[PDB]
$ cat work_17.json   # JSON, C-alpha atoms and all ligand atoms
[["chain", "number", "residue", "atom", "x", "y", "z"],
["A", 5, "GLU", "CA", 4.52, 51.72, 18.30],
["A", 6, "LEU", "CA", 5.26, 50.11, 14.92],
["A", 7, "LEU", "CA", 6.44, 52.49, 12.19],
["A", 8, "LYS", "CA", 7.30, 51.81, 8.55],
["A", 9, "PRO", "CA", 11.02, 51.10, 8.18],
["A", 10, "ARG", "CA", 12.47, 53.68, 5.78],
["A", 11, "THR", "CA", 15.48, 51.57, 4.84],
["A", 12, "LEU", "CA", 17.08, 48.28, 5.67],
["A", 13, "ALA", "CA", 19.21, 50.00, 8.32],
["A", 14, "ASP", "CA", 16.07, 51.46, 9.82],
["A", 15, "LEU", "CA", 14.40, 48.05, 9.77],
["A", 16, "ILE", "CA", 17.36, 46.62, 11.66],
["A", 17, "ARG", "CA", 17.10, 49.36, 14.27],
["A", 18, "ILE", "CA", 13.39, 48.60, 14.65],
["A", 19, "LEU", "CA", 14.04, 44.87, 15.03],
["A", 20, "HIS", "CA", 16.47, 45.56, 17.87],
["A", 21, "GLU", "CA", 13.59, 47.33, 19.65],
["A", 22, "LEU", "CA", 11.07, 44.56, 18.90],
["A", 23, "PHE", "CA", 13.41, 41.95, 20.32],
["A", 24, "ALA", "CA", 14.47, 44.08, 23.30],
["A", 25, "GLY", "CA", 12.33, 41.89, 25.57],
["A", 26, "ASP", "CA", 12.12, 38.12, 26.16],
["A", 27, "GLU", "CA", 9.14, 37.32, 24.01],
["A", 28, "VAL", "CA", 8.30, 37.88, 20.35],
["A", 29, "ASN", "CA", 5.21, 39.50, 18.93],
["A", 30, "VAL", "CA", 5.07, 37.57, 15.67],
["A", 31, "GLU", "CA", 2.37, 39.59, 14.00],
["A", 32, "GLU", "CA", 4.17, 42.85, 14.80],
["A", 33, "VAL", "CA", 7.52, 41.57, 13.52],
["A", 34, "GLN", "CA", 5.88, 40.21, 10.39],
["A", 35, "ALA", "CA", 4.07, 43.51, 9.80],
["A", 36, "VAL", "CA", 7.27, 45.46, 10.20],
["A", 37, "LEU", "CA", 9.19, 43.21, 7.83],
["A", 38, "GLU", "CA", 6.43, 43.39, 5.30],
["A", 39, "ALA", "CA", 6.34, 47.16, 5.54],
["A", 40, "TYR", "CA", 9.98, 47.54, 4.54],
["A", 41, "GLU", "CA", 9.97, 48.19, 0.79],
["A", 42, "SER", "CA", 12.84, 46.25, -0.66],
["A", 43, "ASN", "CA", 15.49, 48.57, -2.05],
["A", 44, "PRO", "CA", 18.11, 46.55, -3.92],
["A", 45, "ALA", "CA", 20.86, 49.15, -3.40],
["A", 46, "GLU", "CA", 20.55, 48.74, 0.35],
["A", 47, "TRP", "CA", 21.13, 45.02, 0.34],
["A", 48, "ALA", "CA", 23.36, 44.52, -2.71],
["A", 49, "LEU", "CA", 26.31, 44.03, -0.35],
["A", 50, "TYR", "CA", 24.69, 40.89, 1.07],
["A", 51, "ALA", "CA", 23.30, 39.48, -2.17],
["A", 52, "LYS", "CA", 26.10, 37.10, -2.99],
["A", 53, "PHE", "CA", 24.97, 34.26, -5.19],
["A", 54, "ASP", "CA", 26.48, 30.87, -5.78],
["A", 55, "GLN", "CA", 25.92, 29.18, -9.13],
["A", 56, "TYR", "CA", 24.92, 25.90, -7.61],
["A", 57, "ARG", "CA", 22.85, 26.48, -4.45],
["A", 58, "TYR", "CA", 21.20, 29.15, -2.37],
["A", 59, "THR", "CA", 23.48, 31.15, -0.07],
["A", 60, "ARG", "CA", 22.88, 32.50, 3.43],
["A", 61, "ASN", "CA", 24.39, 35.90, 4.07],
["A", 62, "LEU", "CA", 24.40, 37.28, 7.63],
["A", 63, "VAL", "CA", 23.28, 40.87, 7.80],
["A", 64, "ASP", "CA", 22.86, 41.52, 11.53],
["A", 65, "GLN", "CA", 23.83, 39.49, 14.57],
["A", 66, "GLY", "CA", 20.96, 40.90, 16.58],
["A", 67, "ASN", "CA", 21.00, 41.50, 20.29],
["A", 68, "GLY", "CA", 21.51, 37.95, 21.46],
["A", 69, "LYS", "CA", 17.91, 37.11, 20.67],
["A", 70, "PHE", "CA", 17.83, 37.08, 16.86],
["A", 71, "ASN", "CA", 19.74, 36.96, 13.59],
["A", 72, "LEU", "CA", 18.96, 38.60, 10.29],
["A", 73, "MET", "CA", 20.24, 37.33, 6.99],
["A", 74, "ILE", "CA", 19.75, 37.41, 3.25],
["A", 75, "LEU", "CA", 19.31, 34.29, 1.19],
["A", 76, "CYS", "CA", 20.06, 34.33, -2.53],
["A", 77, "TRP", "CA", 18.41, 31.73, -4.70],
["A", 78, "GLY", "CA", 19.62, 31.16, -8.26],
["A", 79, "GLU", "CA", 17.13, 29.98, -10.86],
["A", 80, "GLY", "CA", 15.92, 26.54, -9.83],
["A", 81, "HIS", "CA", 17.61, 26.65, -6.42],
["A", 82, "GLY", "CA", 15.69, 25.31, -3.48],
["A", 83, "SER", "CA", 16.00, 23.97, 0.03],
["A", 84, "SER", "CA", 15.45, 20.64, 1.69],
["A", 85, "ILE", "CA", 12.32, 19.95, 3.56],
["A", 86, "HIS", "CA", 13.32, 21.28, 6.95],
["A", 87, "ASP", "CA", 12.45, 22.52, 10.40],
["A", 88, "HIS", "CA", 13.55, 25.63, 12.26],
["A", 89, "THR", "CA", 14.97, 24.33, 15.52],
["A", 90, "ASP", "CA", 12.41, 25.77, 17.92],
["A", 91, "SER", "CA", 12.88, 29.26, 16.54],
["A", 92, "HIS", "CA", 10.66, 31.84, 14.98],
["A", 93, "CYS", "CA", 11.53, 32.20, 11.30],
["A", 94, "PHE", "CA", 10.39, 35.08, 9.16],
["A", 95, "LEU", "CA", 10.95, 35.19, 5.48],
["A", 96, "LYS", "CA", 10.50, 38.33, 3.44],
["A", 97, "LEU", "CA", 11.00, 38.42, -0.28],
["A", 98, "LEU", "CA", 13.33, 41.17, -1.46],
["A", 99, "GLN", "CA", 13.41, 40.12, -5.11],
["A", 100, "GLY", "CA", 11.65, 37.55, -7.25],
["A", 101, "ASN", "CA", 9.30, 34.85, -6.05],
["A", 102, "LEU", "CA", 9.66, 31.72, -3.96],
["A", 103, "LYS", "CA", 7.46, 28.67, -3.70],
["A", 104, "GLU", "CA", 6.89, 27.47, -0.13],
["A", 105, "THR", "CA", 5.61, 23.97, 0.30],
["A", 106, "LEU", "CA", 4.39, 22.98, 3.77],
["A", 107, "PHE", "CA", 4.63, 19.50, 5.20],
["A", 108, "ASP", "CA", 3.48, 18.01, 8.46],
["A", 109, "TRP", "CA", 5.90, 16.53, 10.93],
["A", 110, "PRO", "CA", 6.27, 12.88, 9.99],
["A", 111, "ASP", "CA", 5.07, 10.02, 12.14],
["A", 112, "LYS", "CA", 7.63, 7.56, 13.47],
["A", 113, "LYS", "CA", 6.65, 5.17, 10.67],
["A", 114, "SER", "CA", 8.53, 5.49, 7.38],
["A", 115, "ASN", "CA", 6.17, 7.06, 4.87],
["A", 116, "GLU", "CA", 6.00, 9.46, 1.96],
["A", 117, "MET", "CA", 5.87, 13.02, 3.18],
["A", 118, "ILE", "CA", 3.01, 14.56, 1.27],
["A", 119, "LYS", "CA", 2.62, 18.28, 1.08],
["A", 120, "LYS", "CA", -0.16, 19.87, 3.08],
["A", 121, "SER", "CA", -0.12, 23.00, 0.97],
["A", 122, "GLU", "CA", 1.88, 25.35, -1.13],
["A", 123, "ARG", "CA", 1.97, 29.00, -1.84],
["A", 124, "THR", "CA", 3.85, 31.50, -3.88],
["A", 125, "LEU", "CA", 5.64, 34.14, -1.93],
["A", 126, "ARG", "CA", 5.90, 37.36, -3.85],
["A", 127, "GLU", "CA", 8.12, 40.39, -3.73],
["A", 128, "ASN", "CA", 7.91, 42.18, -0.41],
["A", 129, "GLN", "CA", 5.67, 39.61, 1.22],
["A", 130, "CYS", "CA", 6.68, 38.31, 4.62],
["A", 131, "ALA", "CA", 5.95, 34.75, 5.55],
["A", 132, "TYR", "CA", 6.37, 33.13, 8.92],
["A", 133, "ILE", "CA", 7.10, 29.59, 9.95],
["A", 134, "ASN", "CA", 7.80, 27.76, 13.17],
["A", 135, "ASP", "CA", 7.94, 24.12, 14.09],
["A", 136, "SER", "CA", 4.38, 24.22, 15.43],
["A", 137, "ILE", "CA", 3.13, 25.23, 11.96],
["A", 138, "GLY", "CA", 5.13, 22.50, 10.31],
["A", 139, "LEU", "CA", 8.08, 21.84, 8.05],
["A", 140, "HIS", "CA", 8.69, 23.50, 4.75],
["A", 141, "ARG", "CA", 10.62, 23.48, 1.54],
["A", 142, "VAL", "CA", 11.35, 26.77, -0.16],
["A", 143, "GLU", "CA", 12.34, 26.94, -3.84],
["A", 144, "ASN", "CA", 12.95, 29.46, -6.55],
["A", 145, "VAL", "CA", 11.13, 27.73, -9.40],
["A", 146, "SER", "CA", 11.94, 30.49, -11.86],
["A", 147, "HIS", "CA", 13.97, 29.55, -14.93],
["A", 148, "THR", "CA", 14.96, 33.16, -15.55],
["A", 149, "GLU", "CA", 14.82, 35.21, -12.31],
["A", 150, "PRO", "CA", 17.01, 34.88, -9.22],
["A", 151, "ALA", "CA", 15.29, 35.46, -5.89],
["A", 152, "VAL", "CA", 16.50, 37.16, -2.76],
["A", 153, "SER", "CA", 14.92, 36.89, 0.65],
["A", 154, "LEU", "CA", 15.43, 38.39, 4.07],
["A", 155, "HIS", "CA", 15.19, 35.96, 6.96],
["A", 156, "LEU", "CA", 14.88, 36.65, 10.67],
["A", 157, "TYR", "CA", 15.33, 33.86, 13.20],
["A", 158, "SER", "CA", 14.80, 34.07, 16.93],
["A", 159, "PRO", "CA", 16.54, 32.67, 18.76],
["A", 160, "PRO", "CA", 19.43, 32.26, 16.35],
["A", 161, "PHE", "CA", 20.10, 28.71, 15.27],
["A", 162, "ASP", "CA", 22.80, 27.11, 13.18],
["A", 163, "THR", "CA", 21.53, 23.56, 12.86],
["A", 164, "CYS", "CA", 18.28, 22.11, 11.58],
["A", 165, "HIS", "CA", 17.00, 18.86, 10.15],
["A", 166, "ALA", "CA", 16.48, 18.01, 6.53],
["A", 167, "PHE", "CA", 13.74, 15.48, 5.87],
["A", 168, "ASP", "CA", 13.69, 12.72, 3.25],
["A", 169, "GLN", "CA", 10.50, 13.25, 1.31],
["A", 170, "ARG", "CA", 10.26, 9.53, 0.61],
["A", 171, "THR", "CA", 10.40, 8.42, 4.25],
["A", 172, "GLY", "CA", 10.12, 11.34, 6.66],
["A", 173, "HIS", "CA", 13.47, 10.36, 8.12],
["A", 174, "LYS", "CA", 15.54, 13.31, 9.22],
["A", 175, "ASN", "CA", 19.20, 14.17, 9.36],
["A", 176, "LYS", "CA", 20.81, 17.01, 11.23],
["A", 177, "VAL", "CA", 22.46, 19.64, 9.11],
["A", 178, "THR", "CA", 24.84, 22.31, 10.27],
["A", 179, "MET", "CA", 24.03, 25.58, 8.61],
["A", 180, "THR", "CA", 26.78, 27.80, 7.32],
["A", 181, "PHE", "CA", 27.05, 31.41, 6.32],
["A", 182, "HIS", "CA", 28.25, 32.15, 2.82],
["A", 183, "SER", "CA", 29.06, 35.65, 4.03],
["A", 184, "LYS", "CA", 28.80, 37.79, 7.13],
["A", 185, "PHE", "CA", 28.32, 41.52, 7.09],
["A", 186, "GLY", "CA", 29.18, 41.58, 3.40],
["A", 187, "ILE", "CA", 32.40, 39.58, 3.78],
["A", 188, "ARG", "CA", 32.67, 36.19, 2.11],
["A", 189, "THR", "CA", 33.32, 33.63, 4.84],
["A", 190, "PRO", "CA", 34.71, 30.46, 3.14],
["B", 1, "FE", "FE", 13.13, 27.41, 6.17]]

$ encode --input "work_17.json" --output "structure tokens" --more "lines below"
Ligand SMILES: [Fe+2]
Amino acid sequence: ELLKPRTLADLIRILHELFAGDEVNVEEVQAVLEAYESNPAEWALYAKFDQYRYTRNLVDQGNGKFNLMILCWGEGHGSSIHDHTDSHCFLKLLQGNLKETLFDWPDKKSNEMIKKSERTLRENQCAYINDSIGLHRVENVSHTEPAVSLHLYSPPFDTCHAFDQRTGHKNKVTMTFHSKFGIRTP
């Protein structure tokens, strides 16, 4: 039974239930994430920005099966084109807007990676990606408004690949946490 999360803490409790088993009901998790109405006071602790790039701020370590984190995107900050390491990845906007550009997996041949589509993710929307859907780049294209997003990955992963848009060639990247549970982790 899926109920509206009343608060971020409540959402987290609900996620622990949704991931209590071995499989993941993506549409249910997405619906639950979308249903949480972003309340800045509840996540201010995790919203630690860096002037130069987006930050990843661990919120909950999950139950072995998932991780929940907050990403903070300064004006003009964006990601590489990347995959998600065989994990489910949910992205819910808590503040601002993000542009998501989708790309197909490249062929072995070196070639320009051309976008298959793009969309604007708006406050409170929850998007979902996995490797079967494709690769993506996520960017805050705003000149004036920072963005904050809530990301859920299952299983947890701490590496992915970044892709060279000009060639499709990939390089492994180890992902780091800017903070964990509200504590800066240099
Ligand atoms: Fe991503």

$ closest_residue --input "work_17.json" --among "A:45, A:13, A:118, A:137" --to "ligand FE 1 (chain B)" --atoms "all atoms listed in the file"
A:137

$ closest_atom_pairs --input "work_17.json" --of "chain A" --to "ligand FE 1 (chain B)" --cutoff "12 Å" --atoms "all atoms listed in the file" --output "Markdown table"
| residue | atom | partner | partner_atom | distance |
| --- | --- | --- | --- | --- |
| A:58 | CA | B:FE1 | FE | 11.9 |
| A:60 | CA | B:FE1 | FE | 11.3 |
| A:75 | CA | B:FE1 | FE | 10.5 |
| A:82 | CA | B:FE1 | FE | 10.2 |
| A:83 | CA | B:FE1 | FE | 7.6 |
| A:84 | CA | B:FE1 | FE | 8.4 |
| A:85 | CA | B:FE1 | FE | 7.9 |
| A:86 | CA | B:FE1 | FE | 6.2 |
| A:87 | CA | B:FE1 | FE | 6.5 |
| A:88 | CA | B:FE1 | FE | 6.4 |
| A:89 | CA | B:FE1 | FE | 10.0 |
| A:90 | CA | B:FE1 | FE | 11.9 |
| A:91 | CA | B:FE1 | FE | 10.5 |
| A:92 | CA | B:FE1 | FE | 10.2 |
| A:93 | CA | B:FE1 | FE | 7.2 |
| A:94 | CA | B:FE1 | FE | 8.7 |
| A:95 | CA | B:FE1 | FE | 8.1 |
| A:96 | CA | B:FE1 | FE | 11.6 |
| A:102 | CA | B:FE1 | FE | 11.5 |
| A:103 | CA | B:FE1 | FE | 11.5 |
| A:104 | CA | B:FE1 | FE | 8.9 |
| A:105 | CA | B:FE1 | FE | 10.1 |
| A:106 | CA | B:FE1 | FE | 10.1 |
| A:107 | CA | B:FE1 | FE | 11.7 |
| A:131 | CA | B:FE1 | FE | 10.3 |
| A:132 | CA | B:FE1 | FE | 9.3 |
| A:133 | CA | B:FE1 | FE | 7.4 |
| A:134 | CA | B:FE1 | FE | 8.8 |
| A:135 | CA | B:FE1 | FE | 10.0 |
| A:137 | CA | B:FE1 | FE | 11.8 |
| A:138 | CA | B:FE1 | FE | 10.3 |
| A:139 | CA | B:FE1 | FE | 7.7 |
| A:140 | CA | B:FE1 | FE | 6.1 |
| A:141 | CA | B:FE1 | FE | 6.6 |
| A:142 | CA | B:FE1 | FE | 6.6 |
| A:143 | CA | B:FE1 | FE | 10.1 |
| A:153 | CA | B:FE1 | FE | 11.1 |
| A:154 | CA | B:FE1 | FE | 11.4 |
| A:155 | CA | B:FE1 | FE | 8.8 |
| A:156 | CA | B:FE1 | FE | 10.4 |
| A:157 | CA | B:FE1 | FE | 9.8 |
| A:161 | CA | B:FE1 | FE | 11.5 |
| A:162 | CA | B:FE1 | FE | 11.9 |
| A:163 | CA | B:FE1 | FE | 11.4 |
| A:164 | CA | B:FE1 | FE | 9.2 |
| A:165 | CA | B:FE1 | FE | 10.2 |
| A:166 | CA | B:FE1 | FE | 10.0 |
| A:167 | CA | B:FE1 | FE | 11.9 |
| A:179 | CA | B:FE1 | FE | 11.3 |

$ closest_residue --input "work_17.json" --among "A:145, A:151, A:117, A:73" --to "residue A:97" --atoms "only C-alpha atoms"
A:151

$ closest_atom_pairs --input "work_17.json" --of "stretch 82-146 of chain A" --to "stretch 27-44 of chain A" --cutoff "6 Å" --atoms "all atoms listed in the file" --output "JSON lines"
{"residue": "A:98", "atom": "CA", "partner": "A:42", "partner_atom": "CA", "distance": 5.2}
{"residue": "A:129", "atom": "CA", "partner": "A:38", "partner_atom": "CA", "distance": 5.6}
{"residue": "A:130", "atom": "CA", "partner": "A:38", "partner_atom": "CA", "distance": 5.1}

$ residues_around --input "work_17.json" --residues "residue A:63" --least-positions-apart "2" --cutoff "7 Å" --atoms "all atoms listed in the file" --output "CSV table (one decimal) with C-alpha atoms, keeping the file's coordinate frame"
chain,number,residue,atom,x,y,z
A,50,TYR,CA,24.7,40.9,1.1
A,61,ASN,CA,24.4,35.9,4.1
A,65,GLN,CA,23.8,39.5,14.6
A,72,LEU,CA,19.0,38.6,10.3
A,73,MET,CA,20.2,37.3,7.0
A,74,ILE,CA,19.8,37.4,3.2
A,184,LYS,CA,28.8,37.8,7.1
A,185,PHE,CA,28.3,41.5,7.1

$ decode --input "work_17.json" --residues "stretch 131-159 of chain A" --atoms "N, CA, C and O atoms" --output "PDB file, in the first residue's frame"
ATOM      1  N   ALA A 131      12.040  11.546 -12.236  1.00  0.00           N
ATOM      2  CA  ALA A 131      12.422  10.848 -13.439  1.00  0.00           C
ATOM      3  C   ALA A 131      13.106   9.546 -13.060  1.00  0.00           C
ATOM      4  O   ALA A 131      13.521   9.346 -11.927  1.00  0.00           O
ATOM      5  N   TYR A 132      13.202   8.661 -14.025  1.00  0.00           N
ATOM      6  CA  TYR A 132      13.844   7.388 -13.809  1.00  0.00           C
ATOM      7  C   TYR A 132      14.750   7.043 -14.981  1.00  0.00           C
ATOM      8  O   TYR A 132      14.394   7.235 -16.139  1.00  0.00           O
ATOM      9  N   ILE A 133      15.932   6.540 -14.685  1.00  0.00           N
ATOM     10  CA  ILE A 133      16.776   6.049 -15.748  1.00  0.00           C
ATOM     11  C   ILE A 133      17.398   4.722 -15.343  1.00  0.00           C
ATOM     12  O   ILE A 133      17.562   4.427 -14.166  1.00  0.00           O
ATOM     13  N   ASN A 134      17.690   3.893 -16.334  1.00  0.00           N
ATOM     14  CA  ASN A 134      18.538   2.745 -16.115  1.00  0.00           C
ATOM     15  C   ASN A 134      19.274   2.505 -17.418  1.00  0.00           C
ATOM     16  O   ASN A 134      18.973   3.127 -18.445  1.00  0.00           O
ATOM     17  N   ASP A 135      20.268   1.637 -17.374  1.00  0.00           N
ATOM     18  CA  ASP A 135      21.099   1.446 -18.532  1.00  0.00           C
ATOM     19  C   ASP A 135      20.291   0.959 -19.748  1.00  0.00           C
ATOM     20  O   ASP A 135      20.635   1.261 -20.905  1.00  0.00           O
ATOM     21  N   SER A 136      19.208   0.233 -19.506  1.00  0.00           N
ATOM     22  CA  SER A 136      18.417  -0.259 -20.618  1.00  0.00           C
ATOM     23  C   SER A 136      17.715   0.884 -21.359  1.00  0.00           C
ATOM     24  O   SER A 136      17.424   0.767 -22.545  1.00  0.00           O
ATOM     25  N   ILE A 137      17.436   1.973 -20.654  1.00  0.00           N
ATOM     26  CA  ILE A 137      16.791   3.137 -21.252  1.00  0.00           C
ATOM     27  C   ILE A 137      17.823   3.944 -22.037  1.00  0.00           C
ATOM     28  O   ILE A 137      17.567   4.437 -23.142  1.00  0.00           O
ATOM     29  N   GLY A 138      19.003   4.076 -21.464  1.00  0.00           N
ATOM     30  CA  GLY A 138      20.104   4.689 -22.180  1.00  0.00           C
ATOM     31  C   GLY A 138      21.036   5.401 -21.225  1.00  0.00           C
ATOM     32  O   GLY A 138      21.054   5.136 -20.015  1.00  0.00           O
ATOM     33  N   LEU A 139      21.809   6.312 -21.795  1.00  0.00           N
ATOM     34  CA  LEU A 139      22.711   7.166 -21.049  1.00  0.00           C
ATOM     35  C   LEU A 139      22.059   8.513 -20.916  1.00  0.00           C
ATOM     36  O   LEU A 139      21.157   8.837 -21.664  1.00  0.00           O
ATOM     37  N   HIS A 140      22.530   9.333 -19.982  1.00  0.00           N
ATOM     38  CA  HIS A 140      22.022  10.684 -19.958  1.00  0.00           C
ATOM     39  C   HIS A 140      23.038  11.690 -19.489  1.00  0.00           C
ATOM     40  O   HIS A 140      24.085  11.342 -18.969  1.00  0.00           O
ATOM     41  N   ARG A 141      22.730  12.945 -19.762  1.00  0.00           N
ATOM     42  CA  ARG A 141      23.442  14.065 -19.188  1.00  0.00           C
ATOM     43  C   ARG A 141      22.373  14.886 -18.513  1.00  0.00           C
ATOM     44  O   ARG A 141      21.268  15.005 -19.027  1.00  0.00           O
ATOM     45  N   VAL A 142      22.685  15.391 -17.333  1.00  0.00           N
ATOM     46  CA  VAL A 142      21.750  16.193 -16.570  1.00  0.00           C
ATOM     47  C   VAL A 142      22.435  17.518 -16.285  1.00  0.00           C
ATOM     48  O   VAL A 142      23.608  17.527 -15.902  1.00  0.00           O
ATOM     49  N   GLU A 143      21.728  18.634 -16.489  1.00  0.00           N
ATOM     50  CA  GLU A 143      22.343  19.957 -16.364  1.00  0.00           C
ATOM     51  C   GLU A 143      21.364  20.934 -15.774  1.00  0.00           C
ATOM     52  O   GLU A 143      20.182  20.908 -16.109  1.00  0.00           O
ATOM     53  N   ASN A 144      21.857  21.821 -14.928  1.00  0.00           N
ATOM     54  CA  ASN A 144      21.081  22.977 -14.550  1.00  0.00           C
ATOM     55  C   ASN A 144      21.449  24.117 -15.490  1.00  0.00           C
ATOM     56  O   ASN A 144      22.529  24.708 -15.367  1.00  0.00           O
ATOM     57  N   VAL A 145      20.589  24.377 -16.468  1.00  0.00           N
ATOM     58  CA  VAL A 145      20.880  25.401 -17.471  1.00  0.00           C
ATOM     59  C   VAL A 145      20.527  26.812 -17.008  1.00  0.00           C
ATOM     60  O   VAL A 145      20.817  27.806 -17.686  1.00  0.00           O
ATOM     61  N   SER A 146      19.927  26.911 -15.835  1.00  0.00           N
ATOM     62  CA  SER A 146      19.606  28.226 -15.305  1.00  0.00           C
ATOM     63  C   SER A 146      20.843  29.087 -15.101  1.00  0.00           C
ATOM     64  O   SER A 146      21.871  28.601 -14.630  1.00  0.00           O
ATOM     65  N   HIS A 147      20.707  30.375 -15.429  1.00  0.00           N
ATOM     66  CA  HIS A 147      21.721  31.374 -15.125  1.00  0.00           C
ATOM     67  C   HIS A 147      21.528  31.981 -13.751  1.00  0.00           C
ATOM     68  O   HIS A 147      22.438  32.606 -13.234  1.00  0.00           O
ATOM     69  N   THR A 148      20.355  31.782 -13.148  1.00  0.00           N
ATOM     70  CA  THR A 148      20.013  32.499 -11.928  1.00  0.00           C
ATOM     71  C   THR A 148      19.505  31.642 -10.760  1.00  0.00           C
ATOM     72  O   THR A 148      19.456  32.116  -9.632  1.00  0.00           O
ATOM     73  N   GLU A 149      19.174  30.381 -11.020  1.00  0.00           N
ATOM     74  CA  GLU A 149      18.547  29.516 -10.009  1.00  0.00           C
ATOM     75  C   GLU A 149      19.305  28.210  -9.808  1.00  0.00           C
ATOM     76  O   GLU A 149      19.417  27.405 -10.727  1.00  0.00           O
ATOM     77  N   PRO A 150      19.832  27.988  -8.601  1.00  0.00           N
ATOM     78  CA  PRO A 150      20.412  26.674  -8.311  1.00  0.00           C
ATOM     79  C   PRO A 150      19.328  25.607  -8.348  1.00  0.00           C
ATOM     80  O   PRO A 150      18.150  25.910  -8.175  1.00  0.00           O
ATOM     81  N   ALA A 151      19.725  24.357  -8.528  1.00  0.00           N
ATOM     82  CA  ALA A 151      18.766  23.256  -8.504  1.00  0.00           C
ATOM     83  C   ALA A 151      19.219  22.248  -7.481  1.00  0.00           C
ATOM     84  O   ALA A 151      20.400  22.121  -7.209  1.00  0.00           O
ATOM     85  N   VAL A 152      18.256  21.535  -6.932  1.00  0.00           N
ATOM     86  CA  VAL A 152      18.532  20.491  -5.964  1.00  0.00           C
ATOM     87  C   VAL A 152      17.688  19.301  -6.326  1.00  0.00           C
ATOM     88  O   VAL A 152      16.503  19.448  -6.601  1.00  0.00           O
ATOM     89  N   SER A 153      18.305  18.122  -6.346  1.00  0.00           N
ATOM     90  CA  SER A 153      17.575  16.923  -6.680  1.00  0.00           C
ATOM     91  C   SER A 153      17.866  15.809  -5.704  1.00  0.00           C
ATOM     92  O   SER A 153      18.901  15.794  -5.043  1.00  0.00           O
ATOM     93  N   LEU A 154      16.905  14.893  -5.618  1.00  0.00           N
ATOM     94  CA  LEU A 154      16.956  13.765  -4.711  1.00  0.00           C
ATOM     95  C   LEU A 154      17.090  12.541  -5.588  1.00  0.00           C
ATOM     96  O   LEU A 154      16.278  12.318  -6.458  1.00  0.00           O
ATOM     97  N   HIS A 155      18.113  11.752  -5.351  1.00  0.00           N
ATOM     98  CA  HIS A 155      18.437  10.616  -6.185  1.00  0.00           C
ATOM     99  C   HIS A 155      18.436   9.336  -5.361  1.00  0.00           C
ATOM    100  O   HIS A 155      18.951   9.296  -4.245  1.00  0.00           O
ATOM    101  N   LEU A 156      17.836   8.305  -5.925  1.00  0.00           N
ATOM    102  CA  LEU A 156      17.768   6.997  -5.305  1.00  0.00           C
ATOM    103  C   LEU A 156      18.367   5.987  -6.263  1.00  0.00           C
ATOM    104  O   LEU A 156      17.932   5.883  -7.399  1.00  0.00           O
ATOM    105  N   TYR A 157      19.372   5.254  -5.808  1.00  0.00           N
ATOM    106  CA  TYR A 157      19.993   4.234  -6.643  1.00  0.00           C
ATOM    107  C   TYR A 157      19.900   2.878  -5.987  1.00  0.00           C
ATOM    108  O   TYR A 157      20.079   2.744  -4.787  1.00  0.00           O
ATOM    109  N   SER A 158      19.621   1.866  -6.791  1.00  0.00           N
ATOM    110  CA  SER A 158      19.482   0.516  -6.266  1.00  0.00           C
ATOM    111  C   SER A 158      19.884  -0.484  -7.326  1.00  0.00           C
ATOM    112  O   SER A 158      19.290  -0.528  -8.399  1.00  0.00           O
ATOM    113  N   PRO A 159      20.900  -1.298  -7.038  1.00  0.00           N
ATOM    114  CA  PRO A 159      21.726  -1.263  -5.834  1.00  0.00           C
ATOM    115  C   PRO A 159      22.559   0.007  -5.779  1.00  0.00           C
ATOM    116  O   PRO A 159      22.664   0.719  -6.772  1.00  0.00           O
TER     117      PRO A 159
END
